[PDB]
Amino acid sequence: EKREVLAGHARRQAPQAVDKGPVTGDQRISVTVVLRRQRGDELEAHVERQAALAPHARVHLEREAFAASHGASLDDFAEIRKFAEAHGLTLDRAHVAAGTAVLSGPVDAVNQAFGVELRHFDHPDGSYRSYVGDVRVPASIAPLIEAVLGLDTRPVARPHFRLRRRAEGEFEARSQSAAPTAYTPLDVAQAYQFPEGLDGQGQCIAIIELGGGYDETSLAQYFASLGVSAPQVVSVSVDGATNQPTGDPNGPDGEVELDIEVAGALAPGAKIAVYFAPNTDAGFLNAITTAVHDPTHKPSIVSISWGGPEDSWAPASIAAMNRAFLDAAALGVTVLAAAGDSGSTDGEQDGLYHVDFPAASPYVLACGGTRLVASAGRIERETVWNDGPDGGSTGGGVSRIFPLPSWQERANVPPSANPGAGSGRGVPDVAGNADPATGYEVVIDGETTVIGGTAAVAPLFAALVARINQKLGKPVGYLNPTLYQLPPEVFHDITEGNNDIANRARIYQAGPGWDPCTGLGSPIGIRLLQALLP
């Protein structure tokens, strides 16, 4: 019958990608379809509505009631199964609350079902399969499908951490005022006045990982060296991915282990659930929906240190991710994400500034990066993290996908620096120490070293939220609107520096109040808690 284009799936060949022929032989391949769901408008409105309410008197939805009220319908899954069967695909697994389904079949079947021709591509960052053109499905099913992910398997995200390269002191003079010292997460938390007497007991922090793994020896050695009891850590497999260390310190293991060590050191009473998934748009989405809707571990917080330029994703994939973050906000789950570690250009050399996703989502607490100089438990100096082209810098900027939220509009978010300007959601929301030169001591694959990157800030603040949730007795959930309504005295304002590592324009620059390098600044823990208490 007639076919219909599914919006947001158009793709031209990627820059630097080389076509290596059609995918054939017909091995079995899997994709994730995102279905329409019941009462989608009400869901968005409910969250957008609760904004005018302090998170300690709001009404969030419950996981057990969510599927029936806002999940995809069984009638719709039946139609998706009919569509699958009619094209040689199988509906392998349904996720009712999240409103998604995994379908698999030989390439010819996937090609036919979605109106694409999958091709092999070689690229400097890794070979993958993808399509050039658009996705078209039978008109009869088109209304039921909002997105198809996994057709393109290019690595979708980068873990936003960096290993320290320089540790040696100044020749004929060893001083301390910005380096070459390092901190434990506890030292940083003290500088940010995290509320004490709290360890996150009763909370579960979900940590999303798109590669690598952790080993118990590195973790045990780390916590023992701090003289603290280690948190309970469990691994969760998504789409067949598992806890699989590779042994490379600059590989995904570095991210996995720093995430656990930073969050665990500060909220050792929290259960840390680590969700492993493939590094593809489908894997990333499935890791987030699995954690957000997890009936077993029931996380109250999700920490993400992986991401990619918002323009490197298919629009339909970003929309599906954003919907999963809307679910988290509706369910009272806080989602934090590193804002990027490659400055205002986010690792792209096309002559444009780019912000990183998921940080760009209005439903995510975007975490920027600073260089922190602290001593005797106090902040002596805190500036924008910018160590140049090869050293990295905090992500930050103006989204070209998401409009400026009403709750963020009074902050000093500027128009985009790109040609044409234009308003958009400002990145980041808050910031914390991320400079490897004033980094965090960690144990990665058995060795003691120092790391930085905004990848450390998401777990740092995830632990802060866990402590605050413990004190409040109930989860704070979606915090963004609240943060922008709080008095400025709740934050340590960063006013000096810029996150431009591409040119001399000082792209974006810090200043009094909100800026596109550090957002509202570093939270002052005890003040934030006090402001959230009834």
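Position 1 is the first residue in the sequence shown; the rest follow in order.
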Mean C-alpha B-factor comparison - 201-209 and 135-143, higher one: 135-143
Stretch exceeding the other in mean C-alpha B-factor - 428-436, 189-197: 189-197
Selection by C-alpha B-factor (highest) of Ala455, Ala86, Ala282, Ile318: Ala86
Scanning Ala502, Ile468, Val34, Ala51 for peak Cα temperature factor in the entry gives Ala51
Can you tell me whether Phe171 has a C-alpha B-factor in the lowest, middle or highest third compared with the other modelled residues of the same chain? highest
Lowest, middle or highest third of the chain for the C-alpha temperature factor of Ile304? lowest
Going by what the PDB entry lists, where does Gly420 fall on CA B-factor within its chain: lowest, middle or highest third? highest
Within this chain, which third does the Cα B-factor at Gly519 fall in: lowest, middle or highest? lowest
Comparing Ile444 with the other modelled residues of its chain, is its CA B-factor in the lowest, middle or highest third? middle
